[PDB]
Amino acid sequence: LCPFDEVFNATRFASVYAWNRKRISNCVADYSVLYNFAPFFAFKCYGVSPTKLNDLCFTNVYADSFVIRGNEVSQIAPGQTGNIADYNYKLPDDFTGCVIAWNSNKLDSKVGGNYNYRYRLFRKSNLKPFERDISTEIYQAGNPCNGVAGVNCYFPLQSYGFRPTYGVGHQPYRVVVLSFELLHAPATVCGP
């Protein structure tokens, strides 16, 4: 049985700049397991009806997972533009899969500031779809940075610093993006 549970019920999620990816293969997929994971702030599929998923056979399912703030959930969608979509998690324009987000103020917001969830702030070139960039190289606007991030020296990751009293726009949201891949290889993720 496909371990969708392990994705959705994990203790902590990844920062979006270093998102996780669980390949999901050679398993029976019961997507009803998904439904029983608390009300979802977002459940917008792409190229597929969610209500038909047990009728479909895929050769891979990819499960990507990360945390972003509320207003940015808009950016987890094909063709999107901005800090998150262009530097952390780009989706391809022919995307077939689902994006599932939900408020996790309760598990990720802390009163002294949760600085462990980080986003990439800038990047000379955008990510190819599904690309991941774990870099932390300081950037020098000044024509000599060394280990000093100062005035014209810039660190490229920042911290959401979640706090329970932030408006729902800046609260932590757990995203699972599910990518259904269709090759000529015998389909190994099916219903029951």
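In case it trips you up, residue 1 is the first one in the sequence shown, and so on.
Colleague: Indicate whether the chain is continuous between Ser135 and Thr136 or, if not, how many deposited residues are absent from the coordinates: none, 1 to 3, 4 to 9, or 10 or more.
Modeller: Unresolved stretch here: none.
Colleague: If you take the mean CA temperature factor per stretch, which one wins between 148 to 156 and 119 to 127?
Modeller: The stretch with the larger mean CA B-factor is 148 to 156.
Colleague: Averaging C-alpha B-factors over each stretch, which comes out higher, 57 to 65 or 162 to 170?
Modeller: That would be 162 to 170.
Colleague: Which listed residue, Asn103, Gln75, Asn88, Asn114, has the largest C-alpha temperature factor in the record?
Modeller: Answer for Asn103, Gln75, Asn88, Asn114: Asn114, with the highest C-alpha B-factor.
Colleague: For the C-alpha B-factor as written in the entry, point me to the maximum among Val175, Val16, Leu178, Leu183.
Modeller: Most elevated C-alpha B-factor of the set, per the entry: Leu183.
Colleague: Within this chain's modelled residues, let me know which third the CA B factor of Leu1 belongs to: lowest, middle or highest.
Modeller: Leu1: CA B-factor falls in the middle third of its chain.
Colleague: When the deposited Cα B-factors of this chain's modelled residues are ordered and cut into thirds, is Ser109 in the lowest, the middle or the highest one?
Modeller: Highest third - that is where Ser109 ends up once the chain's C-alpha B-factors are sorted.
Colleague: C-alpha B factor of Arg12, ranked within the chain: lowest, middle or highest third?
Modeller: Within its chain, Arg12 is a highest-third residue by C-alpha B-factor, going by the deposited values.
Colleague: By the recorded C-alpha temperature factor, relative to the other modelled residues in its chain, which third is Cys190 in?
Modeller: CA B-factor rank for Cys190: middle third.
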